[PDB]
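A.B. asks: Using only what follows, build the 3D model:
(10 chains, ligands or ions: 14)
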Amino acid sequence: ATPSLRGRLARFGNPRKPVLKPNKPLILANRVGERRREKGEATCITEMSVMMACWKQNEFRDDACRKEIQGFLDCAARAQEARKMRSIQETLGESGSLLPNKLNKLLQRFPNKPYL
Amino acid sequence: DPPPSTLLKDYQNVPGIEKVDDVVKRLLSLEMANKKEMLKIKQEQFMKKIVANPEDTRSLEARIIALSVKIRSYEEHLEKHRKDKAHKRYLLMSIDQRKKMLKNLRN
Amino acid sequence: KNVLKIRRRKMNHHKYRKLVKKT
Amino acid sequence: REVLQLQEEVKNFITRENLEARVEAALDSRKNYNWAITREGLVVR
Amino acid sequence: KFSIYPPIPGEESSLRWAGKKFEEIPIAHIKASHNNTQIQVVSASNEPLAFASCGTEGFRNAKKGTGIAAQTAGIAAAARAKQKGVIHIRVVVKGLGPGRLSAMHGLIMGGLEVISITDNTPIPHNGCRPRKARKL
Amino acid sequence: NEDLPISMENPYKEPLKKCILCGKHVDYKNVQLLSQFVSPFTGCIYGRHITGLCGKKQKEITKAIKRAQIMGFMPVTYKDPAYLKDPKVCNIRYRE
Amino acid sequence: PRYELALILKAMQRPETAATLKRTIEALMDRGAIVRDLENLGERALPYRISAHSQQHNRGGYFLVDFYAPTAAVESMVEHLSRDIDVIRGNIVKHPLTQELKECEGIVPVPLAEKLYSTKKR
Amino acid sequence: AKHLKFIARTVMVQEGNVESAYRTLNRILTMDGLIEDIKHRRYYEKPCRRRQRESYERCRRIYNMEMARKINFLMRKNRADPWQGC
Amino acid sequence: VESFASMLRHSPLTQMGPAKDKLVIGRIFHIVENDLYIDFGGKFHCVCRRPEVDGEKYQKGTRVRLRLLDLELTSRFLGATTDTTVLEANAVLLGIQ
RNA sequence: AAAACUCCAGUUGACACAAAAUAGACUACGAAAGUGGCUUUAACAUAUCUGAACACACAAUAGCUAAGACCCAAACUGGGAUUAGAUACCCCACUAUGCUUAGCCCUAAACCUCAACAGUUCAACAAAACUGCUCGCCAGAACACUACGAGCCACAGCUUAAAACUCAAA
Ligand SMILES: [Mg+2]
Ligand SMILES: [Mg+2]
Ligand SMILES: [Mg+2]
Ligand SMILES: [Mg+2]
Ligand SMILES: [Mg+2]
Ligand SMILES: [Mg+2]
Ligand SMILES: [Mg+2]
Ligand SMILES: [Mg+2]
Ligand SMILES: [Mg+2]
Ligand SMILES: [Mg+2]
Ligand SMILES: [Mg+2]
Ligand SMILES: [Mg+2]
Ligand SMILES: [Mg+2]
Ligand SMILES: [Zn+2]
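C.D. replies: Numbering: from 1, shown residues only, chains lettered A, B, ... in the order given. Ligands and ions are numbered 1, 2, ... in the order given. Sure, the structure comes next:
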């Protein structure tokens, strides 16, 4: 249930102070905003931290801690193919709903009618 | 000032008044009530005192009595709360309205 | 509307207040 | 009806002579004001 | 079966952690400011057991308010708690800084078992007036 | 002319919807109902979009909740754990 | 007007609780009230630690005094309750059963507001 | 400070999914609007700016619920082409 | 001769009342993949997903039963002066015959 | 980053003359300013309408006078950064002030820039176009929220408010 718009705007005949002051007219556009891009991630920090603790505790020797060096390398790899898969998934389809351009095609088929 | 033991305006026509308990008389009296009921009693006492028919409440005289008792109430309110500007404005506008209808009734 | 007339008056008032302070 | 209904209720008022017995009776008794509402307009006590 | 609601104190509760009830598990307080993260581990009767922070663990000025710094501080606090004999822990976090979940992960990697998460962030009901806006 | 339509008030008219408390008396001492309309974790009073209450009932619920909290009948910061078992009525889904 | 006094009292024994209730009621009748009823919601834990009269209280006994008082006695009753040291919290309010319930037809449906903007091209 | 200590804003971890419990708690605070209250109370929002922001949020809410209603109303017509060759 | 008002009175579309929760038989007249286009009479047709159970006796000309949630499916939106119609009614397919 | 603090920081317990999360997706009250923690008291003019810039009553914030309060914020100022300079933006500390009582001051982009009452269905942008009646106000720009005169608990003030010279536009 949307909030009402009965006496919310400064119009003629309204005995109240305006509730809302829109800078844009409250009319549905025939467009949908584009899909916003994801932000910075800075992955692999935990595995880098544990490798990096091992280094400080063992005077930087792989032949001591191959195991979490390998863990960091795997996490870096898995992050890179995860980036690839999320890029391909976003080019393929949006999760749940549809893409903004197909939604735009629907809205061009059914335009808003703010006039007569 | 009506006495605090005066009975309410809406309650002063019931047949059983002198036989009920004194706690009931106190309960329906004006001490255990508010200033709007006190003003109703004062206004109807004035109506019985001054006008021909106290069952009109649609004439110039009745309206002047109503604004006069409201003016009295505003004066008491300001005497306690000197700094009430809203009720000071209401008192001044009531004085002007009473003067207007006084002029109309005189003319 | 732009604020060019507001700007004219703003500088007028600023210079007037500076003059009064100076004298 | 208002005056008559008010008349019989005065018989159960607290006075100076009913004070200690009424206080003890109140201490023995207990009233619960809590009740709940359902999704339907129904009261669960 | 499971309830995310914590057990009420003065009632029967079958939930146990090494025989101990919910009400006497030690508590780790993580104040996560915008420039630092401070972890203090206390018992239920308020005996301090472990205290570590980013400045304690070596980061000096602006590297303090990072995830890795809070992880390091949480690891060290969990190490001191393990020396003092702490296994299970209840986390209470205060603040919205960068190292909140990082400090929780630091406790976990240090080797403590978190059983309940509480957010005690101070939100006034319009008390003191905060600083003026930055013209940034 | 006998088959022309005629003017009447609308039949097939469903009766107007009524809130759950509509016709009920909200009292500040009824901290089981007030706890129902208070949020379980942070003690926040819910809005119309969550409670599904009409405007007058939402106003009475708000005033009674604030009154009970300042008179020492209700906790402010949390719902009573003793009343965290009542019939849920508020259209809010925290868990997943 | 008819008032209701919500009274959170100290967690005490029966004679002390009876003595405190007696003191409060006779105070009310000396200030000029006629008392309708005494109700016992009972002893229970407080929602929060109420600190009153240099004591920290965790539990309390909840009582109601439904009564009828003249207009200018509520202030005196509040001052007496403030000076009493067995009252954790006393509050005098107008009566919910004296305020009357209005009958409701139901929630009225509100439509979508129309003619907010002109029908020009824009 | 005067309330019971370990009831408000407390979630319990189930088999050790502490990350899932933290997500749940963050979801509690986001749905009750506590997080945005904290972000907006880090610095003082002057009352005129508070009123501008609340009016803007309310207009944005009105537009977004209308837009979502239109989208959900037209997704049923978003089918395959019924009469392909025109 | 019979007047149009009499026609409208002794028309089934008027004797039906509101369309909501009224069981109405209809015919399938067009199919696209698994989107069956059913007529139920009245002005518009409805579109129903093919039920996967017994999904092969749903062909062109099949008699089905419908619940008819709506008759036209229109709605007015935020800036509009008239409402947005979809030229299609709403119904739920319950079965055959 | 530096400066600053280390009589510092974290947990717990006592604790306000300050400010009033959520409710608030509500659209209310008031003449306007304004009003959103709880309780109680008093209380929200006019049974035609318009109408005082020769009056009377109010009027955000800032400010003045005197006496208090002091968590926090903060003009000014000091210190640290920045810069060619930085009397700024950025960080820290602190005062006038914001609060209360009493008295002034009487101003706002005091603007919903859209007068009151009654009623009806196109210049351009904005918030569709109008009718009857009344009051207030306006008549090229700049000089000019100025000069002078007058009034005012105002004395670096407020209200009212020109002209000369200039331009052929604004
Ligand atoms: Mg604009
Ligand atoms: Mg230094
Ligand atoms: Mg007039
Ligand atoms: Mg005037
Ligand atoms: Mg300060
Ligand atoms: Mg100071
Ligand atoms: Mg104050
Ligand atoms: Mg002023
Ligand atoms: Mg304003
Ligand atoms: Mg104007
Ligand atoms: Mg006028
Ligand atoms: Mg000026
Ligand atoms: Mg001047
Ligand atoms: Zn209702």
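A.B. asks: distance of the single nearest residue of chain E relative to chain I from RNA strand J?
C.D. replies: Nearest residue of chain E to chain I: residue E:133, at 32.9 Å (C-beta to the nearest C-beta). C-betas here are computed from N, CA, C, even on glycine. Distance from residue E:133 to RNA strand J, counting by C-beta to the nearest atom of the strand, to the nearest Å: 7 Å.
A.B. asks: Residue F:43 too?
C.D. replies: 4 Å.
A.B. asks: just checking, that residue touches residue H:8?
C.D. replies: Yes - at 6.6 Å, residue F:43 counts as touching residue H:8 under the criterion of C-beta atoms under 8 Å.
A.B. asks: List of residues touching the helix or strand hosting residue E:52?
C.D. replies: According to DSSP states H and E, residue E:52 maps onto strand E:48-53. Strand E:48-53 has contacts (C-beta atoms under 8 Å, 6 or more residues apart in numbering or on different chains) with E:26, E:36-43, E:73-74, E:76-81, E:84, E:86.
A.B. asks: Now do the helix or strand following that strand: which elements does it pack against?
C.D. replies: Per DSSP H and E, the first helix or strand lying C-terminal to strand E:48-53 is helix E:54-57. Applying 3 or more C-beta pairs under 8 Å, 6 or more residues apart in numbering or on different chains; DSSP states H and E, one finds that helix E:54-57 contacts helix E:67-84.
A.B. asks: For the residue in chain F that chain A sits nearest to, give me its contacts.
C.D. replies: In chain F, the residue that lies nearest chain A is residue F:49 (6.6 Å; C-beta to the nearest C-beta). Residues in contact with residue F:49 (C-beta under 8 Å, 6+ apart) are A:1, F:91.
A.B. asks: now do 7 Å
C.D. replies: Going by C-beta atoms under 7 Å, 6 or more residues apart in numbering or on different chains, residue F:49 touches residue A:1.
A.B. asks: now the one 5 residues further on
C.D. replies: The contact partners of residue F:54, taken as C-beta under 7 Å, 6+ apart, are F:19, F:22, G:107.
A.B. asks: quick revisit: the residue of chain E closest to chain I: how many residues sit nearby?
C.D. replies: Residues lying near residue E:133 (other C-beta atoms under 10 Å in any protein chain shown) number 12.
A.B. asks: Ignoring the adjacent residues along the chain, who's closest to the residue in chain A that chain G sits nearest to?
C.D. replies: In chain A, the residue that lies nearest chain G is residue A:5 (3.8 Å; C-beta to the nearest C-beta). Nearest residue to residue A:5, sequence neighbours excluded (C-beta to C-beta, 6 or more residues apart in numbering or on different chains): residue G:113, at 3.8 Å.
A.B. asks: which outside residues touch stretch B:81-90?
C.D. replies: Contacts for stretch B:81-90 (C-beta under 7 Å, 6+ apart): B:74, B:77, B:78.
A.B. asks: The second one - how many residues pack around it?
C.D. replies: The one in question is residue B:77. By other C-beta under 10 Å, the residues close to residue B:77 number 16.
A.B. asks: Now do the same contact list for it.
C.D. replies: Counting by C-beta under 7 Å, 6+ apart, residue B:77 touches B:84, B:87.
A.B. asks: Regarding it, what is its secondary structure?
C.D. replies: Following DSSP: H, G, I helix; E, B strand; the rest coil, residue B:77 is assigned to helix.
A.B. asks: in the strand holding residue E:52, what's buried?
C.D. replies: E:49, E:50, E:51, E:52, E:53 (16 or more other C-beta atoms under 10 Å in any protein chain shown).
A.B. asks: likewise stretch B:29-44?
C.D. replies: B:29, B:30, B:31, B:32, B:33, B:37, B:38, B:39, B:40, B:41, B:42, B:43.
A.B. asks: what does stretch E:102-111 give?
C.D. replies: E:102, E:103, E:104, E:105, E:106, E:107, E:108, E:109, E:110.
A.B. asks: quick one on the thing from earlier: restrict the buried residues of stretch B:29-44 to contacts with chain I.
C.D. replies: Restricting the buried residues of stretch B:29-44 to those touching chain I (C-beta under 7 Å from any C-beta of the partner chain) yields no residues.
A.B. asks: Just confirm yes or no for the longest helix seen in chain H near chain G.
C.D. replies: With secondary structure taken from DSSP state H, chain H has its longest helix at helix H:47-74. No - in terms of C-beta under 7 Å from any C-beta, no part of helix H:47-74 sits within range of chain G; the closest distance is 8.7 Å.
A.B. asks: Briefly note if that helix comes near chain A.
C.D. replies: Yes - for helix H:47-74 and chain A, the contact criterion (C-beta under 7 Å from any C-beta) is met by H:55, H:58, H:59, H:61, H:62, H:63, H:65, H:66, H:67, H:70, H:71, H:74.
A.B. asks: out of the residues you listed, which are buried?
C.D. replies: So, by 16+ other C-beta under 10 Å, the buried ones in these are H:55, H:58, H:59, H:62, H:63, H:66, H:67, H:70, H:71, H:74.
A.B. asks: roughly how far is the longest helix of chain H from the heart of the chain?
C.D. replies: 13 Å (C-alpha atoms, centre = their mean, to the nearest Å).
A.B. asks: cool, stretch I:74-92 as well?
C.D. replies: 16 Å.
A.B. asks: does any part of it sit near chain H?
C.D. replies: Yes - for stretch I:74-92, a contact with chain H is found by C-beta under 7 Å from any C-beta, at I:75, I:77, I:78, I:86.
A.B. asks: pretty sure residue C:12 belongs to a helix, no?
C.D. replies: Yes - secondary structure of residue C:12 (three-state DSSP): part of a helix.
A.B. asks: buried residues in stretch E:52-69?
C.D. replies: The neighbour-count check on stretch E:52-69 (16+ other C-beta under 10 Å) flags E:52-57, E:59, E:64-69 as buried.
A.B. asks: got those residues as TSV, with distance to residue F:38 columns?
C.D. replies: Below are these laid out as TSV (distance: C-beta to C-beta, whole Å):
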residue	distance to residue F:38
E:52	38
E:53	37
E:54	38
E:55	41
E:56	41
E:57	42
E:59	42
E:64	39
E:65	36
E:66	38
E:67	35
E:68	40
E:69	39
